[PDB]
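>>> structure, please.
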Amino acid sequence: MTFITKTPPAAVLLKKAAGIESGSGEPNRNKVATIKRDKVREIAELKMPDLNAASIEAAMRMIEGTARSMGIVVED
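Numbers count the residues shown, from 1 in each chain. Let me share the structure:
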């Protein structure tokens, strides 16, 4: 996936894949999808080989905080 196939940014990829299309569209309190680590897990795996992540748990760190930018909650 290194040929004109660059993945999207954590948030986008998160709000996109984990944040579905946009069940909200005009939210307010934020958080429109509560996915388990299984989502930020794969998501990080895809955007892992290309992102500046520093490690699995490291990707979830910046990946999770980024999710809070839209509404991709993450529960253990």
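
>>> can you give me the buried ones in stretch 40-49?
Judged by neighbour count using 16 or more other CB atoms under 10 Å, the buried positions of stretch 40-49 are 40, 43-44, 47-48. Backbone N, C-alpha and C define where each C-beta goes, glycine included.

>>> please state the offset of it from the chain centre?
8 Å (CA atoms, centre = their mean, to the nearest Å).

>>> just after the helix or strand containing residue 57, pick out the following helix or strand.
If you go by DSSP states H and E, residue 57 is part of helix 56-67. Remark: after helix 56-67, the chain's next helix or strand is strand 72-75, criterion DSSP H and E.

>>> and that next one, what does it pack against?
In terms of contacts (3 or more CB pairs under 8 Å, 6 or more residues apart in numbering; DSSP states H and E), strand 72-75 is packed against strand 33-36, helix 37-46, helix 56-67.

>>> tell me the centre residue of the chain?
Residue closest to the average C-alpha location in the chain (CA atoms, centre = their mean): residue 14, at 2.6 Å.

>>> rewinding a little: name the residues that touch the helix holding residue 57?
By CB atoms under 8 Å, 6 or more residues apart in numbering, the residues outside helix 56-67 that reach it are 9-11, 14-15, 18-19, 37, 40-41, 43-44, 47-48, 51, 53, 73-74.

>>> now swap in stretch 22-35 and tell me
Outside of stretch 22-35, the residues within contact range by CB under 8 Å, 6+ apart are 15, 18-20, 68, 70-75.

>>> as CSV, could you dump the C-alpha coordinates of it?
Taking Å, rounded to 0.1, in the frame of the first residue of the first chain, the C-alpha atoms of stretch 22-35 are listed here in CSV:
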residue,chain,number,x,y,z
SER,A,22,-21.6,10.5,9.5
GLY,A,23,-24.6,9.3,11.6
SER,A,24,-24.3,12.7,13.1
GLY,A,25,-23.4,15.3,10.5
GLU,A,26,-24.3,18.1,13.0
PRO,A,27,-23.3,16.7,16.4
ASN,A,28,-22.3,18.8,19.4
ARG,A,29,-21.1,16.8,22.4
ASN,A,30,-18.9,14.8,20.1
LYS,A,31,-18.5,11.0,20.2
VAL,A,32,-20.9,9.3,17.7
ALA,A,33,-19.4,5.8,17.7
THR,A,34,-17.9,3.8,20.6
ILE,A,35,-15.6,1.2,19.0
